[PDB]
Number of protein chains: 2
Amino acid sequence: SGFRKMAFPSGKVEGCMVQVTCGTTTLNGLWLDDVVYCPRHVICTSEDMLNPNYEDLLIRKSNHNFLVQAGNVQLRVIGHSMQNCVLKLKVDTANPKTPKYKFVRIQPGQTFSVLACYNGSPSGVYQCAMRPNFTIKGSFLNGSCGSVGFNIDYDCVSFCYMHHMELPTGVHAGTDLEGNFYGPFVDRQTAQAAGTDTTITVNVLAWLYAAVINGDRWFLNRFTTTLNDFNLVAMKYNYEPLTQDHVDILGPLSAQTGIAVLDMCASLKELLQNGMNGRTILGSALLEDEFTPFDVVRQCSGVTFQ
Amino acid sequence: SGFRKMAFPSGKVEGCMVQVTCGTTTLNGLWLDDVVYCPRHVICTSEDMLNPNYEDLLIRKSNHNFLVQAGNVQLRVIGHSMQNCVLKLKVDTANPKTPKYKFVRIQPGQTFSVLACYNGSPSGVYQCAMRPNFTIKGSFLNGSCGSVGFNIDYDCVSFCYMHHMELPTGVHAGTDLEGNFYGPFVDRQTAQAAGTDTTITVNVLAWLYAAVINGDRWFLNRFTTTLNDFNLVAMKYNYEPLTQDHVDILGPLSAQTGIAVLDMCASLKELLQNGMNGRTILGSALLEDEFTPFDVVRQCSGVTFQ
């Protein structure tokens, strides 16, 4: 037993990371088959980033202006195109380590692992959530752009995120692998408002189920509630409204524990109103929202990859 | 910027995991050169585990009684020996994916990544600390025994932990890769007391430095203290006593931030005495002790591996 914030095994993604250099800017790329995917702002200086015209900047670039290095091998660039906010560099070699993969656009509140990289080399792996306001709270220094987020399903890597920007507020913004930003963000160094963020209610409930499975039960109370009553409380505490779809996704955890979803809602309501009184749940002194119902089931049932 | 509990990239270790079966017990092994390393309790049934005589049980086993599977390849066992609490199965093939590696016995309070595995297949990676009482607070289900903990230094994997036991209290015990338990534990299903645990003070101070670097500063106060005065408070709150060795290891973070170590001690003293008043530090509502000073520097300076 026990419950940890576990990332996916990173090896299939490590084999896809490369370094991309254009003029004096270096960041990370993702090499799948004969295409390298990277943030289009690889073509910008710090000064360009204040107000970039990506079309005009890219016209000044030829195939030979992109240096792509896979460990020690230089790749030969034979094509370049811009798709939304990503560059696709066609190269003359297929990556021999390409895994089974898909490109996925995830929903707010879904989780994924980030392989943080610098100069095309991996430094670490961690699990995070796409916030309801389409930011992520990552760990990203200068040079981490082009680092990717992913999920694995047995032998298939679903790439969902490419890192582009740190907002002036210190949270992180990026794209899907088609180059479409999550949320209202642009690849420009300017003031950019993130929405009001909210807590991912269905994830907190999943994590309360994980706690019960692990024996952490002190928070279970004598009350029930309604979906409408609970949602009045969710509004006050800036929690996402719970829907029947969310109730349905929690079904298996309800079944395993014998705790009706609305009973678990009443327990959460009491924690929102009364706080935790200096107590912990699964070693946390706040309500955790970075585990999906699918994450809890995976971890509690020991699902493996290959 | 930002600060996450980051694990090492797991690919070099993924290539070393194999499945070991003896009679009707299956768990994980680690294949390095022509040796597979696994918990000796692979030779026990559930019933044997109550009071095992490992010497007598192992005598009943021959090379052909150990089934070792690397993905789909069966390995041929040509030798077996017991070293403390590990079995070393000599096999007739060197692992082509063996990384540069060492075997290290870590100190209480040091951190490492765990690759959780079932049936020789990786499920996830997470970072944890060896507790001062030589337990770990992991995520380990039935079949996870033989999963390993490690650190990476550029291209070299330092293996420090192999998982053996869940104690009746739900924390986790294991060995170094020479088969010597961390702490007083044995590979027997019996009541086993873990010591009183303590908080890893030098790690909490490292994490307060990480917070300041990231802009989380509200906890900095007007006071200083002495090593002896601080340690009186450390005793009361079950924190490890701080030594000059610990002060010296914090030197670089002191230098970077311009906050003397004893000033940061006085800030910590005030947090121990007054609590956090419903506030957070790096998104935590408790004092975090799973980052070493070396972890903070690594993460804050973007060190990479290969």
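Heads up, chain A uses Swiss-Prot numbers, so what you see runs 3264-3569.
According to its header, the structure was obtained by X-ray crystallography, 1.6 Å.
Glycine residues also receive a Cβ, built from the backbone N, Cα and C atoms like all the rest.
Its own atom aside, the Cβ of A:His3304 (active site, for 3CL-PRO activity) has 24 Cβ atoms within 10 angstroms in the protein chains shown. According to its DSSP assignment, A:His3304 (active site, for 3CL-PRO activity) is helical. Taken from Swiss-Prot, the feature active site, for 3CL-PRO activity applies to A:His3304, supported by sequence analysis.
Sequence-distant neighbours of A:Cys3408 (active site, nucleophile) (same chain, six or more apart, CB under 8 Å from its CB) are A:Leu3290, A:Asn3291, A:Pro3302, A:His3304, A:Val3305, A:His3426, A:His3427, A:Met3428, listed in sequence order. The active site, nucleophile annotation in Swiss-Prot covers A:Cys3408, and the record cites experimental evidence as its basis.
Taken from Swiss-Prot, the feature ubiquitin cross-link applies to A:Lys3268 (among others). Mapped onto three states, the DSSP output places A:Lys3268 (ubiquitin cross-link) in coil.
Its Cβ placed at the centre, A:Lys3353 (ubiquitin cross-link) has 16 other Cβ atoms within 10 Å. Residues or ranges marked as ubiquitin cross-link by Swiss-Prot on the basis of experimental evidence: A:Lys3353 (among others).
Per Swiss-Prot, the feature domain 'Peptidase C30' maps to A:3264-3569; the stated evidence is sequence analysis.
Comparing A:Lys3353 (ubiquitin cross-link) with A:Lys3268 (ubiquitin cross-link), their Cα atoms are 36 Å apart once rounded. Cβ neighbours of A:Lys3268 (ubiquitin cross-link) (same chain, under 8 Å, six or more residues apart in sequence): A:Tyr3389, A:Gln3390, A:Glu3553, A:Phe3554. Taken residue by residue with DSSP, A:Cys3408 (active site, nucleophile) is part of neither helix nor strand, so it is coil. In three-state terms derived from DSSP, A:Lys3353 (ubiquitin cross-link) belongs to an extended strand segment. Proximity to chain B, taken as a Cβ less than 8 Å from one of its Cβ atoms, holds for A:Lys3268 among the recorded positions A:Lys3268, A:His3304, A:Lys3353, A:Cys3408.
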